[PDB]
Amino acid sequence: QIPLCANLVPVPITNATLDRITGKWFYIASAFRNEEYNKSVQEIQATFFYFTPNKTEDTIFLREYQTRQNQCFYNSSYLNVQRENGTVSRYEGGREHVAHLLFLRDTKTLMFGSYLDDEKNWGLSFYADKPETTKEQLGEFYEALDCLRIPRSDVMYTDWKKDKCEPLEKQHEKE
């Protein structure tokens, strides 16, 4: 009934959109045609993070707990929001990375689309309110990949068993 690509169309970000993405997310999986993104993403064993939007400033405060090479790397920073374009941006190195905020039928998930205008480079990353997804949520992501003609076999997944960031998160919570 609903076209494969319907939820790959940019959607403007409202106050409700910002409310909807507020809180804790787990990075589930990604796949890109861009090789630099594949390279950086390869190394990620696990990641959880917190979104705290500032609706008046169109920014999102990001607190990120990433496991790589069996250790926890914590970073916080501000993401900028481009409301009408339906994108969020993050500054790492000397580089502003822009991504489209996209949604699946399931309200407990979200995707970021990168280089979506470029068939040589496009890709998607998938997040959930739990470190483990249901088979329905995973199928939604696969369908979004299906639209970009990215094979399901190219997906790179996190492994929650590998998380090294639980201890640091709790040592922040007490503070």
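Take the two forms, find the largest set of C-alpha atoms that superpose within 1.5 Å, and that set is the rigid core. Start at 1 and count along the sequence shown; that's the residue number.
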Higher-deviation segment by CA RMS in 4 other deposited structures of this protein, core fitted, 21-29 or 8-16: 8-16
Per the entry, higher mean C-alpha B factor between 3-11 and 166-174: 166-174
Higher-B stretch (mean Cα B-factor, as the entry records it), 117-125 or 66-74: 66-74
From 109, 30, 47, 56, residue of greatest CA B-factor: 56
Residue 36 - Cα temperature factor, lowest/middle/highest third of chain: middle
Assigned third (lowest, middle, highest) for the C-alpha B factor of residue 97: middle
Residue 16, C-alpha B-factor rank within chain (lowest, middle or highest third): highest
For residue 146, the third of its chain into which the C-alpha B factor falls: middle
Position of residue 52 among the chain's modelled residues by C-alpha B-factor, lowest, middle or highest third: middle
